[PDB]
Amino acid sequence: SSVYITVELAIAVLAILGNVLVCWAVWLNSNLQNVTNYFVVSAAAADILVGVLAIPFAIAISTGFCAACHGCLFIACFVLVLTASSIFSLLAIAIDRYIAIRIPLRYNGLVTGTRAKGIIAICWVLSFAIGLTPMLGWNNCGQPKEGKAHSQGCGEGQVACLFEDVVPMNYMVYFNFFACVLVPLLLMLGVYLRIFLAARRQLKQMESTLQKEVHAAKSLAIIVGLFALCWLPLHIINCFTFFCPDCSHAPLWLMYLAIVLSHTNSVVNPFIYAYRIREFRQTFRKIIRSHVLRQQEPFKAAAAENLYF
Ligand SMILES: CCCCCCCCS[C@@H]1O[C@H](CO)[C@@H](O)[C@H](O)[C@H]1O
Ligand SMILES: CCCCCCCCS[C@@H]1O[C@H](CO)[C@@H](O)[C@H](O)[C@H]1O
Ligand SMILES: Nc1ncnc2c1ncn2[C@@H]1O[C@H](CO)[C@@H](O)[C@H]1O
């Protein structure tokens, strides 16, 4: 459905633009170049890779093209890996802020530029292990669907490349959902509640740092709210599919909606978090400004000459 394909393509661009913007901003503005923002670039880097590589792959998987089963699984696993990297690098940001709020003194001596790269490594180790788990054998390739491969006119040794055809639902529900979504969601939620409670005790004291903690809280509330909005629907649908095999499958428009919605996490996270730091936002203006005072210049001079005469 080109209707789904086009919407999916918008998000890729939007994710690439916003996150290149984020990465650009850290190169130019010298104040932005601290340990705290490593975790932001990492997360922004992943979302670029999601826009550049994962969303294209996700589009192919929806058509049901003819290829080798084990070829089809590699594409799906690659999507699973890069989306996972997006989530974990985002979680790193949340864990950083947690240290920065709860133990802000030794933070500068604990969260160092070296250790920061250690944490980014872990994000990528965990992503490959999880998304490549189906490659090891936990995949539906032992049971190819030839009744469907025929309808698509696929040659012998070829199946219709669908996600739900190569990637097992139990892997999705039992391993992927818990490892990639529910845990990081609970941890981030836990972090937010620990930053919220920190503000409430500061607010109870004013009755007898606070400005930082209120802002951080709303920043965290945005990350988590959007994360749950983006990721849960698709996973809940997955659970429905897995726990109701006799049900008629959830509608393909809803499938398309949920898949798209999952991908839209990469445009908002961690973009909006960064947009909520002034030092970033000023730098963000310097870039989009320079894009207007130079890309509208051909028409600016053309108007200037037309009136001149
Ligand atoms: C380190 C090597 C690990 C070996 C992994 C084997 C575990 C069984 S997975 C099993 O494979 C079948 C076809 O291969 C599929 O029908 C199923 O959906 C899936 O549950
Ligand atoms: C690295 C490979 C890891 C393999 C782990 C496989 C986990 C299987 S859980 C269990 O498997 C049963 C038989 O496959 C199904 O009846 C159930 O639906 C499902 O809950
Ligand atoms: N049921 C599904 N159908 C199609 N793609 C899926 C499904 N579940 C997960 N995915 C893909 O894997 C990614 C991570 O779960 C999602 O963004 C989506 O692209």
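Heads up, residue numbers simply count up from 1 along the chain you see.
Heads up, the Cβ atoms here are built off N, Cα and C, so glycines get one too.
Between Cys154 and the candidates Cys66, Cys69, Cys239, Swiss-Prot annotates a single disulfide bond, the one to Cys66. Looking at the candidates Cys123, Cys141, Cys161, Swiss-Prot gives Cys161 as the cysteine bonded to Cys72 by a disulfide. The disulfide bond recorded by Swiss-Prot for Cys141 reaches one of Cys69, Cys230, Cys239; that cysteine is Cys69.
Each of the disulfide-bonded residues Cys66, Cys72 was scored by the other Cβ atoms within 10 Å of its Cβ; the lowest score goes to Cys66. Within 10 Å of the C-beta atom of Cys69 (disulfide bond) sit 22 other C-beta atoms, taking all shown protein chains into account.
The secondary structure of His263 (adenosine binding site), as reduced to three states from DSSP, is helical. Just going by CB pairs under 8 A, the stretch in 3-27, 169-193, 220-243 that sits most against the transmembrane segment (252-275) is 220-243. The DSSP breakdown of the topological domain 'Extracellular' (244-251), given as helix, strand and coil counts, is 0 helix, 0 strand, 8 coil. Within 10 Å of its Cβ, the residue among the disulfide-bonded residues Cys141, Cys161, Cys247 with the fewest other Cβ atoms is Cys247.
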